[PDB]
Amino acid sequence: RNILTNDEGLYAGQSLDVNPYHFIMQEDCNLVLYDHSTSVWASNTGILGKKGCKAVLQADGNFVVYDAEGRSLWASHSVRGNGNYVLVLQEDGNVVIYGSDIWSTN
């Protein structure tokens, strides 16, 4: 993985890997960005044992984490209406949600 396409997601354990940096949806609903092994960013919604979480980039541009019972845990709050967006784990360590198709090769 490296980029999550429109309406794609990460289940518990799955992650976005690029160099020592890794964005992961942990065993507890906590999304973290690690530099090697040091946590540098997290959604801070961690609750030991609370598994079955999903992190999915919705079509409206919102990035939401969901509880096993489909409830919202945390949301990026981008939601710029319907379109085509992508979340990329950049090599410079940043996580960016670039939105709205500007061009396409058909």
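Quick note: we count residues from 1 along the sequence shown, nothing fancier.
Looking at 79-87 and 15-23 together, the entry lists the larger mean B-factor for 79-87, computed on C-alpha atoms. Higher mean CA temperature factor between 91-99 and 6-14: 6-14, per the PDB entry. Comparing C-alpha B-factors across 48, 42, 56, 68 in the deposited entry, the largest value falls on 68. Compared with the other modelled residues of the chain, the Cα B-factor recorded for residue 72 ranks in the highest third.
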